[PDB]
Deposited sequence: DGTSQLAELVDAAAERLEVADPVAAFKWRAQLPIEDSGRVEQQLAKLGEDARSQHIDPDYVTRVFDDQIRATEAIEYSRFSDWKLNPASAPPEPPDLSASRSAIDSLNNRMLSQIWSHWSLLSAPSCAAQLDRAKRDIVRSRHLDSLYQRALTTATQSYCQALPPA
């Protein structure tokens, strides 16, 4: 089991919030993106990182990836639903909000716990193993696999060049 399995699993579960959120936005005729909103969300995550003695710039980069990957899923659904509106699957977003708050906390806990590994040469391999295992355990489809890659692309920190 990869040391990054809990982090990646949390990231994947958080991606899955894309579906109820997109279903809601579709019915409510709301757009997917909102730059001001995301700026606020990222700022709050940075504050969370500071209070937890985690590098806020790192957390900001990682969650920027996470949020873009999530928006990618939402846009893919909107595409599908434009072609086939009868397929659009609702309710309000309070459940999703609570889930994201809990998953944010889980993710930050693992960034803290596994900071040495995230800084290490073994990060890339351990991330690849974690992804493999979560793709399988969560039965992630091609869209979610691409999203998980995007979401996690900044986990592993650059190494000294000499």
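- Unmodelled regions of the deposited chain, listed from N- to C-terminal end, are 1-2, 92-93.
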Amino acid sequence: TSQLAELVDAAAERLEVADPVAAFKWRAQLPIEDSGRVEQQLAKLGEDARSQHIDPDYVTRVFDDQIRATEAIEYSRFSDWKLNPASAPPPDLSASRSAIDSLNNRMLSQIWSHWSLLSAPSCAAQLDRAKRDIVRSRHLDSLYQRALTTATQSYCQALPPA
From here on, numbers count along this sequence of modelled residues.
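- For the pair 100-108 and 43-51, the mean B factor over Cα atoms is greater in 43-51.
- As listed in the deposited structure, the average C-alpha B-factor of 149-157 and of 135-143 is greater for 135-143.
- Highest C-alpha temperature factor among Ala95, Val59, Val38, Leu127, as the PDB entry reports it: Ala95.
- Among the modelled residues of its chain, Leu30 has a C-alpha B-factor that falls in the highest third according to the deposited record.
- Sort the chain's modelled residues by C-alpha temperature factor and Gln66 lands in the lowest third, per the entry.
- Placement of the Cα temperature factor of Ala23 within the chain: highest third of the modelled residues, per the deposited record.
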